[PDB]
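Student: Quick one: experimental structure and sequence below.
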Amino acid sequence: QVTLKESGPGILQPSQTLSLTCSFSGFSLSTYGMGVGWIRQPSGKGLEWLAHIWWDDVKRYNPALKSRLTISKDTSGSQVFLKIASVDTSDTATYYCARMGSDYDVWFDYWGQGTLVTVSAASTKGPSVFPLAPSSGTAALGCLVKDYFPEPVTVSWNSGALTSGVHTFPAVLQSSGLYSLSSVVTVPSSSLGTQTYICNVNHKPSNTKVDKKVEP
Amino acid sequence: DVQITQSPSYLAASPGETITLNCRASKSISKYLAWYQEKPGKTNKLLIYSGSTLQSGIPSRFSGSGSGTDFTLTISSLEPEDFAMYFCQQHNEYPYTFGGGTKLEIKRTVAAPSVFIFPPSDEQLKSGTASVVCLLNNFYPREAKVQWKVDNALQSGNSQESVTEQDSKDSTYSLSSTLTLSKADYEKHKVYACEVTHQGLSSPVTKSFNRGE
């Protein structure tokens, strides 16, 4: 059915142009009444509408941001793009695209999960993945994902085949200015001699993809 | 433009019960206010548009009401799954504005954490740092304290905590504490302990290990 997905740079220098893409399934912007909008959420602050575009190529912009925004779509209407010019640190936020559920009302029936953009002069650092080894019915194990920049990191267990009992914790900003997180799963102790547990770590700004086997 | 405020910003409520959230507009927005649900790892979900029309697929125990300047969302058979941030948006007047949100906590029975301590891996030691991790798994309520002791010395200023959002199935929290030492100080000390005080415990629980075991 209906899906949207945002893509962007993950990180960029102040005063550069932010270029964002929204790809979608289950609908087309060449269908009468369709729309896609861009919304953002700076860390800890509220959501903010930025722009939207309709099937007939009519656009609206946040007037406080208008001079900097450019929204567009392609001819077939299977993608929507956004450019924010001359970025500063107040453009650091999670960016969402969302479909408008009506031909004229500006409400968003489906959302992408958002992509994080960090405006920083700092350079990208890839994480190191360290085993959290089970010590001894039920045992805890996991992965420590240490010293990366910027956010985010994604962690899955056994390529997504293990989801029950998983806690992937909010990342913490260490005094070094690099983030560190833990992902943790509880499993039965008997499955330790039978089952292998692998944590899958992605860090897209460093192009880092690690699979880390975790053994007793 | 139109300022949207949500009150209260935070709410706690039991499964089975009915609560009502409030969304207020600074000017009149006629009837054009939508309500969304936000859960971790999940895409945002529209519940109500135009003040009170119930979006397809959304269970009838969600309803909305109100017009002009003030609006409400009422959720009737509260489930542990209803934990979320609930925010509203006016879709009447450009520029389109969002409320700050109301965080809904689900109440449940007290439950003590299972506690696990983790030594630094050997791989990590090779680079002059030692991370020691203490896990507090599946507890309720949120309030808990984690003390780090190295050879029975209270640590200060060298640990960091992180907590998960309420679990959608069982309503519990999980917490992670990381002690950071350099290799030098780590291989100087023997006993590493994490001490946990929680309401679901009759007295503080200490989990520990001995370096090089």
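Tutor: Looks like it came in fine. Residues are numbered from 1 along each chain as shown, chains lettered A, B, ... in the order given.

Student: for residue B:36, which residues make a bridge with it?
Tutor: With beta bridges defined as DSSP bridges, residue B:36 has these partners: residue B:46, residue B:87.

Student: Pull the number of nearby residues for it.
Tutor: Using other Cβ atoms under 10 Å in any protein chain shown, residue B:36 is surrounded by 25 other residues. For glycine as for every other residue, the C-beta is placed from the backbone atoms N, C-alpha and C.

Student: same question, the one 5 residues further on
Tutor: The local packing count at residue B:41 equals 8, with neighbours defined by other Cβ under 10 Å.

Student: Would you mind measuring from it to chain A?
Tutor: 8 Å (Cβ to the nearest Cβ, to the nearest Å).

Student: does that residue count as helix, strand or coil?
Tutor: Using DSSP: H, G, I helix; E, B strand; the rest coil, the structure places residue B:41 in coil.

Student: Just give the nearest non-adjacent residue to it, would you?
Tutor: Excluding its sequence neighbours, the residue lying closest to residue B:41 (Cβ to Cβ, 6 or more residues apart in numbering or on different chains) is residue A:113, at 7.9 Å.

Student: for the one you found, phi and psi?
Tutor: phi -80, psi 0 (degrees, to the nearest 10).

Student: List the contacts of it.
Tutor: Neighbouring residues of residue A:113 by Cβ atoms under 8 Å, 6 or more residues apart in numbering or on different chains: A:5-6, A:96, B:41-43.

Student: contacting residues for the most centrally placed residue in chain B?
Tutor: Nearest to the mean C-alpha position of chain B, by Cα atoms, centre = their mean, lies residue B:165 at 2.6 Å. Residue B:165 is in contact with B:40, B:83, counting by Cβ under 8 Å, 6+ apart.

Student: Confirm it sits in a strand?
Tutor: No: under three-state DSSP, residue B:165 sits outside any strand and is assigned coil.

Student: What's the local residue count around residue 182?
Tutor: Using chain A. 27.

Student: hmm, I had chain B in mind actually
Tutor: Other residues near residue B:182 come to 11 when the count uses other Cβ under 10 Å.

Student: And the helices in chain B?
Tutor: With DSSP state H, the ranges of helices along chain B come out as B:122-125, B:183-186.

Student: Put together JSON lines for those, with mean neighbour count and distance to chain A on each row.
Tutor: JSON lines is the format used below for those (neighbours: other Cβ atoms under 10 Å in any protein chain shown; distance: least, Cβ to the nearest Cβ, whole Å):
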{"stretch": "helix B:122-125", "mean neighbour count": "14", "distance to chain A": "5"}
{"stretch": "helix B:183-186", "mean neighbour count": "14", "distance to chain A": "14"}
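
Student: Redo those as TSV? Include distance to residue B:198.
Tutor: Formatted as TSV, these follow (distance: least, Cβ to Cβ, whole Å):
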stretch	distance to residue B:198
helix B:122-125	29
helix B:183-186	27
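
Student: Who are the contact partners of the residue nearest to residue A:91 when sequence neighbours are not counted?
Tutor: The spatially closest residue to residue A:91, leaving aside those adjacent along the chain, is residue A:119, at 5.3 Å (Cβ to Cβ, 6+ apart). Contacts for residue A:119 (Cβ under 8 Å, 6+ apart) come out as A:11-14, A:18, A:87-89, A:91-92.

Student: Pull out the buried residues from those residues.
Tutor: By neighbour count, with 16 or more other Cβ atoms under 10 Å in any protein chain shown, these hold A:11-12, A:18, A:87, A:91-92 as buried.

Student: Please identify which of these is nearest to residue A:210.
Tutor: Using Cβ to Cβ, residue A:11 comes nearest to residue A:210 of these, at 19.2 Å.

Student: The closest one and residue A:115 touch, don't they?
Tutor: No: using Cβ atoms under 8 Å, residue A:11 makes no contact with residue A:115, being 11.4 Å away.

Student: just to revisit the earlier point, show me which of the contacts of residue A:113 are buried.
Tutor: Buried members of those, scored by 16+ other Cβ under 10 Å, are A:6, A:96, B:43.
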